[PDB]
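Only one chain is shown below, in structure tokens, and it's the form deposited in one PDB entry.
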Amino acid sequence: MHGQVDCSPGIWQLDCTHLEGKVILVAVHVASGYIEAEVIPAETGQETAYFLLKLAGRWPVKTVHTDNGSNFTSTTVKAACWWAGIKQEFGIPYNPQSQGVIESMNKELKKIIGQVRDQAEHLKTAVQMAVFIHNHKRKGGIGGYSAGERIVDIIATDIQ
């Protein structure tokens, strides 16, 4: 939720969850807890490559971890990663508590989407609503910092 204190700023995890028969691709900045998410037409490697190219043109993505789905091991993905300078790593690191960072995120996210699902006509709107909420949520974790503020801050310090 608020990130892992011993993680580097370049690590990201990526997974696909499912809601109402739809495909939701998620990406989490392990160190802050910040996430990006989106509904996709199909669970293809072509769809996973677009998303990763969007994510690299904005954040300094060094390494991404994913499971071994056909969509994640495809050559379009692989090629995409090579182009972007991303080091791919198959297998989402295990954690005895959360099972997986990007795993507890897909859960928190379906939790939120569940609370605000009334205030939306399309799942696409709600997905984006949940992410906004997750990202602007502050907590004692650090002087009232949110996930969205932690990453720009972590990436700023790095650049500086």
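Just count from 1 along the sequence shown to find any residue number.
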item: Residue stretch of maximal mean CA temperature factor, 34-42 vs 50-58; value: 34-42
item: Mean C-alpha temperature factor, higher of 110-118 and 123-131; value: 110-118
item: Among modelled residues of the same chain, the CA temperature factor third for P9; value: middle
item: Chain thirds of CA B-factor: placement of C16; value: middle
item: Third of the chain, ranked by Cα B-factor, where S70 sits; value: highest
item: Among modelled residues of the same chain, the CA temperature factor third for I154; value: middle
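Although not depicted, the form solved in complex with a partner chain is the subject of the following passage.
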{"property": "Any non-hydrogen atom of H122 within 4.5 angstroms of the partner chain in the deposited complex", "result": "yes"}
{"property": "Any non-hydrogen atom of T63 within 4.5 angstroms of the partner chain in the deposited complex", "result": "no"}
